[PDB]
There are 6 protein chains.
Amino acid sequence: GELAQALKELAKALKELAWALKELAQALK
Amino acid sequence: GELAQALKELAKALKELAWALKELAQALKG
Amino acid sequence: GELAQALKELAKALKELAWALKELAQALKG
Amino acid sequence: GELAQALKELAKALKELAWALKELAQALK
Amino acid sequence: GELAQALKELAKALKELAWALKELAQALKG
Amino acid sequence: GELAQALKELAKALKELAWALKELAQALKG
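Calculation rules
Residues numbered from 1 in each chain as written, not as in the entry; some residues may be left out. Chains lettered and ligands numbered in written order. Heavy atoms only, no water. Contact = heavy atoms within 4.5 Å. Buried area = accessible area lost by both parts, 1.4 Å probe. Salt bridge = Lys/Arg side-chain N within 4 Å of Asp/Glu carboxyl O. Nonpolar A, V, L, I, M, F, W, Y, C, P; charged D, E, K, R; others polar. Axes fitted to C-alpha atoms, helices over the stretch in contact; angles between N-to-C directions. Helix = DSSP H or I, 4+ residues; strand = E, 2+ residues; numbered from the N terminus. Parallel < 35°, antiparallel > 145°, perpendicular 65-115°, else oblique. Left-handed = near helix turned anticlockwise from the far one by under 90°. Buried < 20%, exposed > 50% of the residue type's maximum accessible area, 1.4 Å probe, protein only.

- What the deposited record gives as its method is X-ray crystallography, and the resolution it gives is 2.7010 Å.

Brief notes about the interface of chain D and chain E
1) Next: With 17 residues of chain D at the interface, the matching set in chain E holds 17 residues.
2) Next: Both faces combined, the contact of chain D with chain E buries some 1500 Å², and carbon together with sulfur accounts for 76% of it.
3) Next: At the boundary of chain D and chain E, one finds 3 salt bridges.
4) Next: In this structure, D:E23 and E:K22 form a salt bridge, with 2.5 Å as the shortest nitrogen-oxygen distance.
5) Next: Tallied by class, the residues present in the side of chain D that touches chain E amount to 12 nonpolar, no polar and 5 charged.

Digging into the packing of helix 1 (residues 4-28) of chain C against helix 1 (residues 2-27) of chain D
A packed helix pair is summarised by two numbers, namely the angle formed by the two axes and the spacing between the axes.
1) Next: Packing of helix 1 of chain C against helix 1 of chain D brings their axes to within 10 Å, and their N-to-C directions diverge by 20°. With respect to each other, helix 1 of chain C and helix 1 of chain D are oriented roughly parallel. Two packed elements cross with a definite hand, and for helix 1 of chain C against helix 1 of chain D that hand is left-handed. In this structure, helix 1 of chain C contributes C:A6, C:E9, C:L10, C:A13, C:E16, C:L17 and C:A20 to the contact, and helix 1 of chain D contributes D:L7, D:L10, D:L14, D:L17, D:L21 and D:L24.
2) Next: Class assignment of the residues belonging to the contact of helix 1 of chain C with helix 1 of chain D gives a composition of 11 nonpolar, no polar and 2 charged.

Regarding the arrangement of the chains
1) Next: These two, chain A and chain C, are apart from each other, with no contact and a minimum C-alpha gap of 11 Å.
2) Next: The smallest C-alpha distance separating chain B from chain E is 13 Å, and no contact links them.

Quick word on the interface of chain C and chain B
1) Next: Every contact between the two is made by 17 residues of chain C and, on the other side, 18 residues of chain B.
2) Next: Of the roughly 1500 Å² buried at the junction of chain C and chain B (both faces included), carbon and sulfur atoms supply 74%.
3) Next: Applying the counting criterion to the chain C and chain B interface returns 3 salt bridges.
4) Next: As a salt-bridge pair, B:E23 and C:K22 come within 3.2 Å of each other at their nearest N and O atoms.
5) Next: The class makeup of the residues in the side of chain C that touches chain B is 12 nonpolar, 1 polar and 4 charged.

A word on the pattern of salt bridges
1) Next: Tallied over the entire structure, the rule returns 16 salt bridges over all chains.
2) Next: One salt bridge connects A:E9 with A:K12, and the closest N-O pair in it is separated by 3.9 Å. With A:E9 and A:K12 both in helix 1 (residues 2-27) and 3 residues apart, this pair spans about one turn of that helix.
3) Next: When its relative accessible area of 48% is taken as the criterion, A:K12 is described as partly exposed.
4) Next: A cluster of three or more residues bridged by salt bridges with shared partners is formed by A:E9, A:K12 and B:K15.

Structure (structure tokens):
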């Protein structure tokens, strides 16, 4: 219910955080 | 539940971490 | 309940980190 | 059982992470 | 359980984040 | 199980962030 929806919301953020990390990795070379 | 409520505040905080890192990334690229 | 308040707390921790990294980011772009 | 022990292990790390954050805050002033 | 196993790998990662931030803190203080 | 692999994944995310911040830290101390 309300928790399966909260869980994909965490899934989205987790992807978002990865993308930012690749951007910062890129920025450090 | 209140667990779900928790996961919701964590997803919100991850998102702001993600934004901050992109901000930091750009700060360094320029 | 066992776990909810531990994940809520990790959310505040990351939120603080995000603010921390915006300040760092600001310091570096000047 | 094994999960109540894992949970205080997360509790410890959470404290540890806070302490590092105050150190970095300190470092930025 | 496998949930507990998860919380264990998260506590381990928080600890290394904590170390990295202190490393970053010192990098800036000097 | 629902949640385990999401928290395991957040652990890898933070581990990567910690490595990211060690590199940043190294870049700044020279």
